[PDB]
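Only heavy atoms go into these numbers, but all of them, side chains included; no hydrogens, no water, no symmetry mates. Chain letters run A, B, ... following the sequence lines, proteins first, then strands; residues in each count from 1.
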Amino acid sequence: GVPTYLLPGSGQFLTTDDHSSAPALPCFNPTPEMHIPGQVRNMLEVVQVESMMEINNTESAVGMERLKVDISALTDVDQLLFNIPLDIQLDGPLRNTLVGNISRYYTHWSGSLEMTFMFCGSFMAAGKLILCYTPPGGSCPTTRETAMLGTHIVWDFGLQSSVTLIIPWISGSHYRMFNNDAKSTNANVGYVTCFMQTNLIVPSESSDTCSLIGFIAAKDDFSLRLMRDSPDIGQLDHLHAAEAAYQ
Amino acid sequence: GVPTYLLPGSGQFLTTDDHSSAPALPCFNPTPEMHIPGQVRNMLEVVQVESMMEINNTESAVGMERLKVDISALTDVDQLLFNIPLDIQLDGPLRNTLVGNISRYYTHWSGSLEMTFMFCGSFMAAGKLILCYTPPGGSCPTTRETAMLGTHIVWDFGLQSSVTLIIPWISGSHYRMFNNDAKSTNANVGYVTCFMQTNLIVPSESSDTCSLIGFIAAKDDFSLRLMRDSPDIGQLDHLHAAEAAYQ
Amino acid sequence: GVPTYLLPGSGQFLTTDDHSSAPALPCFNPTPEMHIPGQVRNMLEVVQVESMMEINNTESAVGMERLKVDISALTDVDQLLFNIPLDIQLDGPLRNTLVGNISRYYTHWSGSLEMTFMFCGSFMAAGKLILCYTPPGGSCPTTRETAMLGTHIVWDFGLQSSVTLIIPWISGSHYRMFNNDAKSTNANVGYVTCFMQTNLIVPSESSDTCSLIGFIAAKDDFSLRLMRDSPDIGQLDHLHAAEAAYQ
Amino acid sequence: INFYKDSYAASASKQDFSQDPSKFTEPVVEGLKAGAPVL
Amino acid sequence: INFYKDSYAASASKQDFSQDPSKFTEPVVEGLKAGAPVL
Amino acid sequence: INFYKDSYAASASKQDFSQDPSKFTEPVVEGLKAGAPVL
Amino acid sequence: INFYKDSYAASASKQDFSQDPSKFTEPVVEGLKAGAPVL
Amino acid sequence: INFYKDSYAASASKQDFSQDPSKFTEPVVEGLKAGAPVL
Amino acid sequence: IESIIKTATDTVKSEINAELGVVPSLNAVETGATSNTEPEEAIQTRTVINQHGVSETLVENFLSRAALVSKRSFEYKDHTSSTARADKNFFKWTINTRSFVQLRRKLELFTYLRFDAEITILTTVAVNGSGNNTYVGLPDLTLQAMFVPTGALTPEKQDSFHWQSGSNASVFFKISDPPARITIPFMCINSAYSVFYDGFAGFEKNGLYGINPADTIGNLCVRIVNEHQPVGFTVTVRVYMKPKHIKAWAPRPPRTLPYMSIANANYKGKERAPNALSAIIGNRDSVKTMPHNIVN
Ligand SMILES: Cc1cc(-c2noc(C(F)(F)F)n2)ccc1OCCCc1cc(C(=O)N(C)C)no1
């Protein structure tokens, strides 16, 4: 015979191992493959699809009210309208999105994100907004004159109802980490703020309050590493009817 | 199947074994390599770097005082100034050096060493010294007329502030051993002594006491074998905060 | 994976097995080889070297007295002088020789042996002897007329001080056995006897008693098989200072 | 290492790097051009 | 013997004998010559 | 079968049949001839 | 993987796809033609 | 499969089909012919 | 200049030297360069063909050795009346290489390190003798080691539903088996681990000093899969780590004073030499005293 010796790790069951195993049903012929639309081969294809952010995650907002931000005409200039925390690991507006949900199965991430906002006011409504991304290091800007020093896009409402703010990958390290310390230098991405650029101006017959819907997605420079169990789902007991499977 | 039989040693865990093992994270992509200065591929590169000897390892010397040897003008000729034990395994002036620290992770050594001394007196100070290496066999020489029979360099202070004494590899055996018996024929290297050649002569305004700094390094004929745990570090209890890792 | 099954003998420790095993010290560089005189690659080279027989193994002989045989002038003709048992396994004159010592590590042997005798009398001493080898089957011859029927050499003392008696390999079987039954047909080699051929004749000033030294060695047709533990060494307790190794 | 006779016994296949994200990001009959207004 | 699909699973690599001690022994802009005074 | 990286891990070497018994049986400067008297 | 010396020790043979159902479905001397009445 | 260095360690040899029954059935100097009387 | 070095350098024979303007034995330490004096220039040498290998001092060989990094003992029993601090049939460990000094000192000989880590887990069991000082035999238990990365939830009890390990890598091994082994890849978010980090981990001023957040690994969670037996046992788990495929940069002065904490490089030194704060090397009577002088 062949002389052999067993290495450390022999006989172990590693859940991520990759080996062939004995076929339980010899000569079984699986059903022939048939073309089905919508095949996905890499999860990065899913995170590239836009999904709505829950910007209005406040106690006053119920159901889909949390998925839109209301803006009204103001009588003071350069007023802040809203900001968006950029932490995917923490429970924030980006968590329940395609990019957020898929990414929270991993520990490291890199690449640019894009935020798209659709103005859903009446045709007669007009206004200009400035959307700013502030790289980390300081406090979230509270005034337009400070926020406009960072990356920003000035958005003019019009026939094209939607604008895109690119959050470029600006990082010292190759990857960032989805870690619970939101203030860590390996995790913090910065802030996104939205200020009035001129004002929301509508005629008397239009609604005086208009809504924006914010979307987020990753660009094709996005990548993820270090698979982990998602903290978005858990169970403390057996589900109903699970016991019946053994009856 | 393949007939096999298990050899002695099967199932053992040898800390120095070299085998492939199951990847815990399939398809993980490590961060791309980036050029970093100061790459080291062989520890012999480190031992070739000069480091200071603790020649003045006496109770009167505190802190970095132990890293310099003071020399003053003498009124008798041919006087001994200092000697240096050449045992790396024992606790001596060579132990806390790059060569000594790295070598004490090994058991056998071979090759030439070099001692470099820098004179740190004033520009106006003058003098000549003789540095001698005595191969083993007898007592450390106590007089210049005996020490000068061995390998030596006569050093004249001047614009070039430093001289090098080569300790050539003179050994019956291919290697020596870092063994606690300092008088063993497999370990003893001999002695290094320093005598006044003429005198330290300084003017009245210069300091009447001048310091030398001794450095040691191995030449590129140096080699080490038989890795061992260094006796230079140990612990009798868990370090502080080590328990907190399990909390 | 590879389907396998374990054979009988798997996991056993056979002291004569021949396998590779894990190197305990990776990347260790052994000391370079150096030419040393007297290399031996086959133990048969040692048994080919002459060594002295203990022919005079009698209670009256002490120390090296047992390594020489004294012969004196006789007043009767054709007298027997000595005989030599040819059994290596039993405790006899051939046991403490190079050939005997090496062979007693084995069980089977074959090939010719040679006995050489050196006459150590004075230059003025003269004499002739007959050395006979009797193949087995009967009693050891006690008279010259019977001993001379076998293989023999008539030795004339002279300038060449030594004669060689060849004991040719005369055996029914390919090998003989070193077995404790000295009378077995698989072990008995026969006898060697020495008779006066004429007489030892010396002048009055020479010693009237002269000594012979007998040597034995194997020829290059000698071979051995079936390694065994030598019965020439043993211990009933631990040697002195053996316990100290564990202190 | 697969000595089994049935192909489905083999180890995992992690070498399919083909992608087509436009199936989900741009499932429109009229493809959009860079810079030009969509509407 | 490495039948694993991920390269980092392989055994150790002890075959890199490249050295450059001058990075630590002679990190000076002006290289020094043998015998000639340094200063 | 030796898959170890260090050569000294290999099994025994029992193939060195070279001999020179004259090193011990005839270490004399003047070689002796067959039949001719040694002295 | 069969290192045994006797051939009957080998694993199963599942590669004989030859068929002849007519031995049981049409064991008549006169073969029947499609469409044409049998009788 | 024999990785042992000594040849006698090998498995059994069952391939010697040579026969000579006449050594025991017809060990006579004069061979006998078919049909012809032996005596 | 970079070159391939496999053996120690040879020596060339040298003759008498008397040359004006040439002083190879003189050097200028002030430049920061180590002396370039050769043996052939200091003494008269012979020719020597040096065959001494240098492979055992390769960084890979120097560091690629399995070393203890974690040792945890916990009681395997019914933990219904156990304190909140007790390991109730499982433990979690925040992975670090700073708890055992032998490996820590060798790692801290370098500033930056890049390597994959081979992890070996060794388990031993002993019957509890407290009150029940009777021996019945050692059970062959099954254990689960789960790697919980940053941001993932760690199990809170032996039967926690977190052990289902949908995506976490888990290894199930038995005490009777050879020690479990897996390879963890280089998982730093940078190109190399920062053995030393002269910085703070957060954008505020209260973050931990001396620990690079880029090198955060995660938690190793180990439980006994078997439900508790009628009697109690003590289970000891030892974790060994062997770096491999190593790259190292910027060597550093070795640690001299004893380590105090795994969180910092705080130092106190021994009460007296050797390795005291004011005297690293042991004392001798004077600079002219030979400690081990050979007399006759
Ligand atoms: C010890 C250990 C165990 C596991 C594990 N145990 O079980 C499993 C499971 F679940 F798959 F089975 N995974 C995983 C990873 C581990 O450590 C990684 C070592 C990396 C490193 C960084 C530094 C550093 O910061 N430097 C050098 C400055 N040092 O080393």
A.B. asks: Is the shortest side-chain N to carboxylate O distance from C:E54 to C:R66 below 4.0 Å?
C.D. replies: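 So C:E54 pairs with C:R66 through a salt bridge.
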A.B. asks: Would you please test B:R225 and C:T31 for side chain to side chain donor-acceptor pair (under 3.5 Å) and show each step?
C.D. replies: CA-CA 10 Å; B:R225 323 190 300 178; C:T31 299; 3.2 Å; yes
A.B. asks: Please evaluate residues B:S103 and B:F222 with respect to the criterion side chain to side chain contact (heavy atoms under 4.5 Å, CB included), reporting the C-alpha separation (whole Å), side-chain torsions for both, the decisive distance (0.1 Å), and the verdict.
C.D. replies: CA-CA 10 Å; B:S103 299; B:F222 198 85; 3.6 Å; yes
A.B. asks: When you compare the side chains of B:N180 and B:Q89, does any donor N or O come within less than 3.5 Å of an acceptor on the partner?
C.D. replies: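 Yes - a donor-acceptor pair under 3.5 Å links their side chains.
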A.B. asks: For the CG atom of C:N96 and the CE atom of C:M52, what is their distance to the nearest 0.5 Å?
C.D. replies: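 Nearest 0.5 Å value for the CG-CE distance: 10.5 Å.
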A.B. asks: More than 12 heavy atoms of other residues, nucleotides or ligands under 6.0 Å from CG of F:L32: is that the case?
C.D. replies: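 Counting other residues, nucleotides and ligands, CG of F:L32 exceeds 12 neighbours.
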A.B. asks: Out of curiosity, C:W109 CH2 to C:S223 OG, how far, rounded to the nearest 0.5 Å?
C.D. replies: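 Taking CH2 in C:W109 and OG in C:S223, the distance rounds to 10.0 Å.
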A.B. asks: If I compare all heavy atoms of F:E26 with all of F:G31, which pair ends up nearest, and what's the gap?
C.D. replies: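 Result for this residue pair: OE2-CA, 3.6 Å.
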A.B. asks: Evaluate the ring planes of C:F119 and C:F157, with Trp represented by its six-membered ring, and classify them as parallel (under 30°), tilted (30 to 60°) or perpendicular (over 60°).
C.D. replies: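 The arrangement is parallel - the two ring planes meet at less than 30°.
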A.B. asks: Start with the C-alpha distance between C:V99 and C:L94, add both sets of side-chain angles, then the distance that settles side chain to side chain contact (heavy atoms under 4.5 Å, CB included), and finish with yes or no.
C.D. replies: CA-CA 8 Å; C:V99 57; C:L94 313 194; 6.0 Å; no
A.B. asks: Between C:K183 and C:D181, is there a side-chain N and carboxylate O pair less than 4.0 Å apart?
C.D. replies: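 Looking at C:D181 together with C:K183, the answer is no, because their closest N to O distance does not fall below 4.0 Å.
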A.B. asks: Going by the angle between their ring planes, with limits at 30° and 60°, are B:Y175 and B:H108 parallel, tilted or perpendicular?
C.D. replies: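 Geometry flag for B:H108 against B:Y175: tilted rings.
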A.B. asks: Going by distance alone, is a donor N or O of one side chain under 3.5 Å from an acceptor N or O of the other, for B:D221 and B:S112?
C.D. replies: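 A donor-acceptor contact under 3.5 Å links the two side chains.
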